[PDB]
Amino acid sequence: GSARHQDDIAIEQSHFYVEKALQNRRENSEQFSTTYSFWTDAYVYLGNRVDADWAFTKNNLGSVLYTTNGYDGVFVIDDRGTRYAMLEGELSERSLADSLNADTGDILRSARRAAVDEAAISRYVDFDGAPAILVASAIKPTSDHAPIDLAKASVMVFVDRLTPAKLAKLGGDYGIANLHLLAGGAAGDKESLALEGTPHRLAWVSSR
């Protein structure tokens, strides 16, 4: 069939790209969550322990993560506790449960399951002021070393708060029209995308 309908096919693609941009965050982060976890010193200095003096003196897991093609922040959780919380490249006392009010009691369970399948796990969350994504990965020994007890091993977690500076690339680099967050409103029969799990919503202004 051929008629004046290709104008609404464009709307079928523009929302699909905004979903792909959020899917791509999870798939880019799991790739960093393996290279920075496949290190003998990372598993030795973070495995059931927290030796931040190494991470700062060598900068291998310090504030430089914000300026070395890394992620917005990092945490270390094991057996229902936390002792390392890199927030925007700073050492601070805080919990990954508190910064988004969500429960850690089930995130540690899926994060434990990341190890037995050699693959990180990913979810949506609601950080203080804007939406975010949470991804968890098991630190496993490289150099063909012996295995470790995965129920008692440590688990690293990376976090990225979405911000209006990155909303420009979440649509403009994906080929979507003008792209903006919908913070506390309802569109006038316009095109938009409700985020899974979080109360926030993505919106844009594509011409038919």
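Quick notes on this structure:
- Coarse-grained scattering of the stretch 1-113 at q = 0.18 Å⁻¹, given as base-10 log I(q)/I(0) from a Debye sum over alpha-carbon atoms: -1.05
- Taking amide H atoms as placed 1.01 Å from N in the peptide plane, the amide H of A132 lies under 5 Å from those of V125, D126, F127, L162, each 5 or more residues away in sequence or on another chain.
- Relative contact order (%) - criterion: Cα under 8 Å, at least six apart; region: the chain: 23 percent
- Centre-to-centre separation between the Cα atoms of the stretch 180-208 and those of the stretch 129-176: 25 Å.
- Couplings 3J(HN,Hα) for the stretch 26-31, derived from phi with the Karplus relation 6.51 cos²θ - 1.76 cosθ + 1.60 (θ = phi - 60°), are 4, 6, 6, 5, 4, 5 Hz, where x marks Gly and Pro.
- In straight-distance terms, cross-link reach from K169 covers every one of the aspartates and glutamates whose alpha-carbon lies under 14 Å from its own, apart from those fewer than eight places away in the same chain; here that gives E19.
- 3J(HN,Hα) from dihedral phi, the stretch 124-130, Karplus parametrisation 6.51/-1.76/1.60, rounded to Hz, x for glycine, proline: 8, 8, 10, 4, 4, x, 7
- Range in the chain, longest, excluding exposed GluC sites (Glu not before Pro) [loop by DSSP; at most 13 other beta-carbon atoms within 10 Å]: 1-87
- The amide H of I77, built 1.01 Å from its N in the peptide plane, has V155, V157 as neighbours under 5 Å, considering only residues 5 or more places off or on other chains.
- Sorting 121-130, 143-152 by their mean Cβ neighbour count within 10 Å, with the most densely packed peptide first, gives 121-130, 143-152.
- Reach of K140 by Cα under 21 Å, taken over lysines that are not fewer than 8 positions away in the same chain: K58, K152
- Theoretical ellipticity at 222 nm over the chain - DSSP helices of four or more residues, -39500 (n - 2.57) apiece, nearest 500: -8000 deg cm²/dmol
Virtual Cβ from ideal backbone geometry, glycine too; neighbours counted across all protein chains shown. Only the coordinates and a few stated rules stand behind these numbers; no lab work does.
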